[PDB]
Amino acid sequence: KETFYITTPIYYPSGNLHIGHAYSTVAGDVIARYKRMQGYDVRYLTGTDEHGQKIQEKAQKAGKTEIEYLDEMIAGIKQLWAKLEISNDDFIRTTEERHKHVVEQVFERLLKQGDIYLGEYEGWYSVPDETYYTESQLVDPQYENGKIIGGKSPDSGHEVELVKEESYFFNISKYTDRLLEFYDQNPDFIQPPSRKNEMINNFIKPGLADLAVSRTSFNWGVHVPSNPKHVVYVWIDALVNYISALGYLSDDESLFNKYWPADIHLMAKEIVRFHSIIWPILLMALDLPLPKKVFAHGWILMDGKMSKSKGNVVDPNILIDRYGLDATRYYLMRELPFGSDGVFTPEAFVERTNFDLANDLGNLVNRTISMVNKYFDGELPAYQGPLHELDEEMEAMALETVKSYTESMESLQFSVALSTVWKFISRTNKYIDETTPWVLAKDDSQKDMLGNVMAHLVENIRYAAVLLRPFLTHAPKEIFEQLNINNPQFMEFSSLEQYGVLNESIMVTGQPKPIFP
C-alpha cells in the first residue's frame, strides 16, 4: 500500500472561518477520497495556528484566557469539518505539546548550527491592514536627512510607523542555489506554473533577505528555550505542523518515518512563498526530505477577496443548512477552476445546484427508474451488448470519460473533471430523447432493445455515481440505494474497466424520490 500524505494549511482563528477556508479543506478531502479509491494508504491533515499577539487581543476582549478562547473556536471549526464530512485523519493545534516540543527543538538546532543569529528587526506597521511593510515597498515616502522617516501603505493608504525590536533571524540566502537546483530537478514542485515564475522573478532573483523568526512584543506563543524573552514567530511555528503532527521528535516517529515527505501541500496563493521557499529551506537545514508538491489555488472574491478581517463573508453552515451538503461541496469544486480566481454570487450557486445536480443528474435517475418501473414493473433487464446503434460510441464514451476524468484529477483540475463527468450525464439524458423508449414499449416485438436502453441508462449512471464519490458524499450512495446495486465492488473505480457489469436483473425502488437536496 503506497502512502499519500496531503495537508491543508493551519488556519488562524482570529474570527470565524468562511467559504474560502472551506474551499481548501473540501479540495483536500476530494484528493484524499480519490486517492483512497485508487488504493493508497492516505493521511490527510488539517489544523489551526493558535499563537500570536492577535489571539491575546481577541481572547482578552471576550474576557477569557487565550486557550479557552481557542477551545471554543476550534470546537466550532471541528464542527464545520464534521458537517462538510471532511475525512481528515488528524487535527493539529500549535497549542498542544507534540507541536510545541518540535518548535522548541528545531529553533535550538538552528541556533546550535548557526543558521539563526540574534539581531534587530526593522519594519513599518499599518493598524488597518494588520501587515508589516518594508522600507522599499512603501508608497508616498517622506524623507528626513535622506532616509525614509514615514509613509503610506501600498494596499490601503493609511499612515504607518516604524517598529524596532530584538529578533532572531534565519540566514536563508546560502540555500539559494540548492533551492533553484531543487526546482530544476522537480519541475512540477510549484503549481500552477504562473506562481512558480513570480517566485523566481519577485523574491529569489532580487535576493532572499534574512527572515525575522522571533519577537519580543508579545508572550502568547512558544518561547525560545535558550532565550525566554523571545517567542517564536509565525513561520517556523506554523510550518512545522506538517511534520509535528506525524510525531517528529517524539516517542513515536512511526507516522513521520512512513508518511513524510508530503505528496501535496494545499493553500491559496498569498502563502506560496512560505511553502515553496522558506519551508524547503527550513527542511534543508533540518536535513529532512522536501515536500513533493505545493499547490496554490485562487481566491474566492466578493469588494475584494474573502477575508474574516474585513467581514465580506459567506458562512458555509448557512449554505449547507439551506441548500444541502452536496450542493455546497459541488459549488466550491465546480465554479472556480483550481488556480484561477472567481467571484461568488448566490445566483450562480443556485443555478449550479439546480441545473447540474437537481435537473441534469437528479432528473436522469428519476426518468430512468420511472421507465423501468413503468415498462418492466421495476425488473431491470441484464446487460448483453451494444445492440442499439448509439451504443458503440456511447459505451466507448463511458471509458473515455474515465480516462479524461483521471488526468483532470491527477493534474488537480476538478472543475474540468466535474464538467467531463457532466457531459456524460447530459448525453445520458439525450439517449432517452434519441432512443424514445415509450415508442419501444408499444411493440411487444421490441423487448431486448427496450431492455438494452434501460441497461445502458443504468450503467451510464453507475459510471457517473462511481466517479462522483470523491466529490459528493450522499448523492452517489442515494443513487445506488434507489437503483438497488448492493455489492461494494460495483461502487469502486476497478469496476469501470469493462462496460456493463450488471448482467443479473435487479429490482429498483418502487418509490423513487428526489436525489437532492
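Note that the rigid core is defined as the largest set of C-alphas that superpose within 1.5 Å between two forms. Residue numbers run from 1 along the displayed sequence.
After a core fit, the C-alpha atoms in 5 other deposited structures of this protein lie farther on average from the shown form in one of 200 to 208 and 165 to 173, namely 200 to 208. Where the structures in 5 other deposited structures of this protein are fitted on the rigid core, 189 to 197 is the one of 189 to 197 and 342 to 350 whose C-alphas sit farther from the shown form on average. For residue 142, the record comparison shows coordinates absent in at least a third of the other entries of this protein that model its neighbours. Going from residue 302 to residue 303, the model skips 1 to 3 deposited residues, which lack coordinates. Look at the C-alpha B-factors of 412 to 420 and of 336 to 344. On average they run higher in 336 to 344. Higher average CA B factor: 374 to 382, of the stretches 374 to 382 and 99 to 107. Of the residues listed, 134, 276, 87, 354, the entry assigns the biggest Cα temperature factor to 134. Within the selection 210, 263, 140, 115, the deposited Cα B-factor values reach their highest point at 140.
When the modelled residues of the chain are ordered by C-alpha B-factor, residue 226 sits in the lowest third. Residue 12: CA B factor in the lowest third of modelled residues in this chain (values from the PDB entry). Among the modelled residues of its chain, residue 324 has a C-alpha B-factor that falls in the middle third according to the deposited record.
In this PDB entry, residue 459 carries a Cα temperature factor that places it within the middle third of its chain's modelled residues. In the deposited entry, the Cα temperature factor of residue 482 places it in the middle third of its chain's modelled residues.
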